[PDB]
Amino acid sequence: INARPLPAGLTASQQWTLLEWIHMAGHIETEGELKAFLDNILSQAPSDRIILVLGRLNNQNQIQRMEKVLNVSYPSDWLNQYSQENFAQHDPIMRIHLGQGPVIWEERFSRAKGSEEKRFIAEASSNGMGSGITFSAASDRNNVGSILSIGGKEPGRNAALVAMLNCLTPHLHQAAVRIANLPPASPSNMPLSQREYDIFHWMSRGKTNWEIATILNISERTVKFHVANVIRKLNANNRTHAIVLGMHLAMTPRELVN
């Protein structure tokens, strides 16, 4: 399993708080809960400005297109300008390879050479957005990742909080994915027709295609067709794999009565 390592320096009190944070994050299912949770654990200073952005990524894990903007406390004026002036294309923070460690904005701003990037930096600055830090995480089996940005003074000064937030970020990302209602990581199974299910029923009992043909009184030609469709609908590699992957269907062919 690919996961950033837990932070080593932490006091027992910090280790507990982080466990609470990650455990709670894993229960977040609504945008409201996520907004409230981000707001809470980043409450002081009340002058900080927070946003989480979920995006579709290229093969370098950089955001290609945003999937969801979850504002916590970015100024609406700034978001308006960011949208209208297409700052996503000029914002050095948007070029980050998601899943690396925290990025203090000046690390990037101090190195920006391009005209559009310099303009963005000046505009950000005049909007009170000149300094900050960004945490990020990316999924392994779906091209999506989130950035968590905190704008404000003295970004990253609290080293332990940075480590804890960095560790928490992947969990905030997964929560963002849940609340964003995206298509599944890989295609869902497709519902079998009754005839495909009847065929799968006998597959699951160890019947050969010919035996199934006999039982259903159709040619094996037809059985083979249905079997191919069952395998496809279950995203299986073969007949035998489909029987394993489709076990849930064979176990509860109808609504369980309670």
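Throughout, we count residues from 1 along the sequence that is shown.
Trainee: Looking at the entry, does 42-50 or 221-229 show the higher mean C-alpha B-factor?
Mentor: For C-alpha atoms only, the mean B-factor is higher in 42-50.
Trainee: Using only C-alpha atoms and the B-factors in the entry, which stretch averages higher, 181-189 or 126-134?
Mentor: According to the PDB entry, the answer is 181-189.
Trainee: According to the deposited entry, which of 10, 24, 234, 250 has the largest Cα B-factor?
Mentor: Checking the PDB record, the top C-alpha B-factor among 10, 24, 234, 250 is at 10.
Trainee: Looking at the temperature factor on the CA atom of residue 155, which third of the chain's modelled residues does it land in?
Mentor: CA B-factor rank for residue 155: highest third.
Trainee: Among all modelled residues of this chain, ranked by Cα B factor, put residue 55 in the bottom, middle or top third, i.e. lowest, middle or highest.
Mentor: As the PDB entry reports it, the C-alpha B-factor of residue 55 lands in the lowest third of its chain.
Trainee: Relative to the other modelled residues of the same chain, rank the CA B-factor of residue 117 and answer lowest, middle or highest third.
Mentor: As the PDB entry reports it, the C-alpha B-factor of residue 117 lands in the middle third of its chain.
Trainee: Hey, what third does residue 161 fall into on Cα B-factor, ranked over its chain?
Mentor: CA B-factor rank for residue 161: highest third.
Trainee: C-alpha B factor of residue 141, ranked within the chain: lowest, middle or highest third?
Mentor: Within its chain, residue 141 is a highest-third residue by C-alpha B-factor, going by the deposited values.
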